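Trainee: Need a 3D model of the following:
(7 chains, ligands or ions: 15)
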Amino acid sequence: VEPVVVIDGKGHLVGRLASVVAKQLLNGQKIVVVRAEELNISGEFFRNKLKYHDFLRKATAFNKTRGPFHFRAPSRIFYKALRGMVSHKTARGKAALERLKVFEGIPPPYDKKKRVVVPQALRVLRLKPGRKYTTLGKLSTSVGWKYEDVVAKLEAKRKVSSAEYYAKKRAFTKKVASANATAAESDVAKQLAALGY
Amino acid sequence: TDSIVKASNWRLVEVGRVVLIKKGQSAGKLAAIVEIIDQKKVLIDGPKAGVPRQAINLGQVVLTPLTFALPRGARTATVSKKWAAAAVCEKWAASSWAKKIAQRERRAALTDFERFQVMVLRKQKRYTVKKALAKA
Amino acid sequence: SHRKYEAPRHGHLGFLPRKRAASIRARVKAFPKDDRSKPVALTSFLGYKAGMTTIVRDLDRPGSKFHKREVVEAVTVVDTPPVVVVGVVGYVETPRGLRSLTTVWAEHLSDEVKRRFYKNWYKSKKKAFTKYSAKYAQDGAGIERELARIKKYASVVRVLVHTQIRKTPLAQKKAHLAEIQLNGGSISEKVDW
Amino acid sequence: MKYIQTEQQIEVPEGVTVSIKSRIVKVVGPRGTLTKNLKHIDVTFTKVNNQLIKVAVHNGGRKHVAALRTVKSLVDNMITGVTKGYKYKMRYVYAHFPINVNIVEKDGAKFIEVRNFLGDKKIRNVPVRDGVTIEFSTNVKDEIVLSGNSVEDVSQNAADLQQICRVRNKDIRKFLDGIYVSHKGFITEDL
Amino acid sequence: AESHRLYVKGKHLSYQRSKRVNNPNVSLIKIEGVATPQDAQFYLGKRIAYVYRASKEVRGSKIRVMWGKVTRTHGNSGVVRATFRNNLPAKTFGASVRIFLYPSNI
Amino acid sequence: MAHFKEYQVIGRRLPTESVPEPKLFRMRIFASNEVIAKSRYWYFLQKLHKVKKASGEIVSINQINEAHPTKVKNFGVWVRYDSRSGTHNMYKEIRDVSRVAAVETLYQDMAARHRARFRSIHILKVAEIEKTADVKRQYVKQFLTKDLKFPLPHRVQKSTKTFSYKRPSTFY
RNA sequence: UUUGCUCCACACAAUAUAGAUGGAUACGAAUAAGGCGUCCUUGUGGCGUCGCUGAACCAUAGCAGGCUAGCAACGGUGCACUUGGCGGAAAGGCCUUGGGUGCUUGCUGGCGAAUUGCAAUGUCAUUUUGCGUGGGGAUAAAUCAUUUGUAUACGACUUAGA
Ligand SMILES: [Mg+2]
Ligand SMILES: [Mg+2]
Ligand SMILES: [Mg+2]
Ligand SMILES: [Mg+2]
Ligand SMILES: [Mg+2]
Ligand SMILES: [Mg+2]
Ligand SMILES: [Mg+2]
Ligand SMILES: [Mg+2]
Ligand SMILES: [Mg+2]
Ligand SMILES: [Mg+2]
Ligand SMILES: [Mg+2]
Ligand SMILES: [Mg+2]
Ligand SMILES: [Mg+2]
Ligand SMILES: [Mg+2]
Ligand SMILES: [Mg+2]
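Mentor: Residues are numbered from 1 along each chain as shown, chains lettered A, B, ... in the order given. Ligands and ions are numbered 1, 2, ... in the order given. Provided below are the atomic coordinates:
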């Protein structure tokens, strides 16, 4: 449908977002995911902290380097959920994984690009209300991710700019609306109306 | 300084609530809630729309803003009478909802020629509007 | 089976790997927390280790058996001729960590530092910084806008200083260059300094 | 079994105006203003008349319905806390070493300073929470009085003081020393 | 105009396969905008091209084409099965493919 | 077991020389088809009288439709079932528009709450409750109050496309 | 070490390609709540309206889009230039001024198209590199050997040398 699809991860459930990203890649669709720190996991914060520490004790006994790597960042916690859904040791898998980018925050050019959502991974649509869940940023920070403040800062700044942008556009669509309605009731208008437009 | 507590005013499942049936052999037809069975199940009757009096899952149906006076458990003859009395069809047809639906049905029926004509007209409408947009 | 007698291990595993360091000049991995109410100053200094000697002094330590008594103590001595400031680097915060935005340099550079930029000095045409030097000859536009760009951006500010090794008994001739963080106040005041 | 609707009533007195958007509650009255975040709950507030607000739960389970009443309570103690106000009284208890309690300040502090507890040379400090005022009660022996608009803040600041005085390494049946909450009530007299 | 396109876009997804064994004789094609087997019944027999490039000019072009046709529908989501004159190279899983409007029954 | 129909099944012992015209017993059976229904008949029949299919005969099999299929009813329901550790009698109340639909959800309920499969259940009685406030269990009584109305908060529309350009709304 | 290097422009030759074929079309937040319009006392405010999917919006006619004339408009848009400003999270992109210029399917004309033979992707994208030209621009270092010992099994390290 589009050469590139930018997903705003905020309010999405990790495994369900991962599951749909993986498939799109293997079908040849490029994906970049933004705001990974705003991602969600079901279960209360403590369960998922505990689950991370579970993952944290696994290491190669003779050399901790060869052993499993533990990435603390939100985008990387995500990439793990995703990479496990791809057969990543095959040329085909490595090919699909190169179609992917994950980001905490919304860095340049993507900030001025439109982003979309995935209704089948959306927490508020998916989780039954009252169930407890977890924000990826807080989880990561508890396991050693260093950058939560820097990201939140830059975002608050980015969010101010985007607000002006929006305001100017909402104003412009107010003129366009007024003009469109002054053309209403003319011939060409009523004719389009007949044809469903 | 008054109190001021919100609204959050929902569509209610109630006798005489009219619903748009979203999937089935009826599907796009309006009907009315007669009795109510449980939290997920109600009895509906659609006589004007040609939909058979039946038990149905709430999830197969979407609640509209429209309501009209109906006796709980009112039979089909009665329902048909109260419906017309209340003029719910013209009321629905007048809604943006219904209009949006009819609109896209028109679009789908378009002939390839008609599509071409829609294009020449948008060209024309665009010319004068963009004009007006530059003068104010 | 099991050790049969318990003893602590040998050596600290926090000092691994035990390998030659990447350079003779150990890196400063942390600087003091910045208090921006104080005047601008260096947080560090460079020097050379000369040796040690002995000292005698009276000890002031209420409660100690040696309170008010003399003690004799070993001390080292590091030779520290004045450092000289040749430049500034601004750093900005990013979700990937600190990165260096720009580096502005002084217009004139001692041969002591210029030496550091060569692996063969005698054969070289010594062209280092010659084109950079010219940016000053013009009204200074380019140098200001960098200096300017540091202020607008830049969470932290470091000075580029080097040692005057010629003031030292050493035979070396090739000076040592390093970044020192400025902990005095006000990022704008910092670069101004 | 998923009860289809159950609701509660919040009575509003003649001095105050409570306003709720999303689930954020603001109760403003003679003694001040309190606000509280209810977003963690899922209830629906409804105004009926200026002296009456309802809270209800639709299609709720046991645990959910249980949370209805406690929502009503929290907003209630906001209302009364903003009118009558809250007052917690505590007494010192010691069988030998007199407990010495002051109020010190460091860098805009207001700390509660407890000295000589069970003879301790250690100086204990509990911070005064914003919104609560501490007055050492005149004419009553070793009484301390914590008061404010917020039950939650007063009850907690009190509890902080009573817990900093816990007795280690003795039989706490025999050693009763402490600062204990001795009365709970309002600021305004009569009611 | 700007759009010259006479075909519907599609994706080479897989070979026909089990869990552990594939069948290079059959390719599974995802057709854009076809979400159900019923929708996909329209395309059966339509001819498919996979178009690609090469270094050696041959008949005068550097562009080559493998031809095939849609054969049956596959599963509930509107995927389609198709066979080609020679089997598709399998480096093309994920590659774009062209479904035409002929032979036409409209 | 399936979507149920209700059958009338009538059977008897084979006629003997000295006992021609034996006594003709009837059962009402809920089953998905006549094959299961006749089976069930002999099942309970051998639990009551001295017979078995081999010495008996099915006289008649007939399906019985709901008298008023569009009318809502409160059904009282009586059941015997086996648990892991014992066997037990129950009374539940089900509210629906036909007997056949009621038995459907009963079997679902017994499966869900008490983990009873179809083999482990006997329907003892199914009968319409004619006067309200003979209605006992309150998960039904709840629905008999006057002018009954309720909303359906937090609504989830099912998306037809993997991506959305909006962000959703649960308003209803 | 046979006229080398770099940036801009075109030219030829190769080489490729995880897969162009109208457009990746920008608030934020909440979801037991919101978007938009409007009024005002500028608020957790009054009133109106909307959703129930992007099935949208925008674009889309012309030899793959040729050669030409006019009208109504004063609009749109492409391109190279010029004005002022913004953006450092990876800014490397966004906005604005002014004249020039091409196109305009907003409307109305003149000419062209075949014989590619009833389909055969029927070739229009962007990667890297090489060889000459001529328009700007620039005129070094590292290594071996020798040497120091703050270094070292050998390499490596650290000094020094017109
Ligand atoms: Mg351990
Ligand atoms: Mg259409
Ligand atoms: Mg041991
Ligand atoms: Mg720079
Ligand atoms: Mg003890
Ligand atoms: Mg003891
Ligand atoms: Mg096998
Ligand atoms: Mg490739
Ligand atoms: Mg507004
Ligand atoms: Mg309002
Ligand atoms: Mg739109
Ligand atoms: Mg043209
Ligand atoms: Mg023409
Ligand atoms: Mg990037
Ligand atoms: Mg040249």
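
Trainee: Name the helix or strand for residue D:134, please.
Mentor: strand D:132-136 (DSSP states H and E).

Trainee: How about the residues of chain B by chain F?
Mentor: Applying Cβ under 8 Å from any Cβ of the partner chain, one finds that chain B approaches chain F through B:10-14, B:35-39, B:41, B:43, B:45, B:53-55, B:58, B:63, B:73. For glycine as for every other residue, the C-beta is placed from the backbone atoms N, C-alpha and C.

Trainee: Of the residues you listed, which ones also sit close to chain D?
Mentor: Filtering these for neighbours of chain D using Cβ under 8 Å from any Cβ leaves residue B:39.

Trainee: and the residues of chain B next to chain F, which are buried?
Mentor: Using 16 or more other Cβ atoms under 10 Å in any protein chain shown as the burial test, the residues of chain B next to chain F include B:10-11, B:13-14, B:35-39, B:41, B:43, B:45, B:53-55, B:58, B:63 as buried.

Trainee: longest helix in the chain, by residue count?
Mentor: The chain I'm using is chain A. Longest helix in chain A by number of residues (criterion: DSSP state H): helix A:148-183.

Trainee: sorry, should have said chain F
Mentor: In chain F, assigned by DSSP H, the helix with the most residues is helix F:99-114.

Trainee: need the helices for the chain, in chain order.
Mentor: With no chain named, the answer covers chain A. Counting by DSSP H, chain A has these helices, from start to end: A:14-26, A:45-56, A:74-83, A:91-97, A:123-126, A:136-142, A:148-183, A:187-194.

Trainee: Switch to chain B, please.
Mentor: All helices of chain B, identified by DSSP H, fall at B:76-86, B:88-93, B:96-109, B:112-134.

Trainee: is chain E contacted by the third one?
Mentor: Looking back up the chat, that one is helix B:96-109. No: against chain E, helix B:96-109 shows no contacts by Cβ under 8 Å from any Cβ, the least distance being 13.7 Å.

Trainee: Packing partners of that helix?
Mentor: For helix B:96-109, there is no helix or strand it packs on, judged by 3 or more Cβ pairs under 8 Å, 6 or more residues apart in numbering or on different chains; DSSP states H and E.

Trainee: now what about that helix, what contacts it?
Mentor: Helix B:96-109 is contacted by residues A:195, A:196, A:197, B:28, B:64, B:92, B:93 when judged by Cβ atoms under 8 Å, 6 or more residues apart in numbering or on different chains.

Trainee: Nearest to residue C:31, out of those residues: which one, please.
Mentor: Of all the contacts of helix B:96-109, residue C:31 sits closest to residue A:197, with 65.6 Å by Cβ to Cβ.

Trainee: I'd say that closest one and residue B:118 touch.
Mentor: Yes: using Cβ atoms under 8 Å, residue A:197 is in contact with residue B:118, at 5.7 Å.

Trainee: sorry, back to before: filter the contacts of helix B:96-109 to the buried ones?
Mentor: Taking 16+ other Cβ under 10 Å as the criterion, what is buried in those is A:195, A:196, A:197, B:64, B:92.

Trainee: circling back: do you know which of the helices of chain B lies nearest residue F:122?
Mentor: Proximity to residue F:122 (Cβ to Cβ) singles out helix B:76-86 among those, at 37.7 Å.
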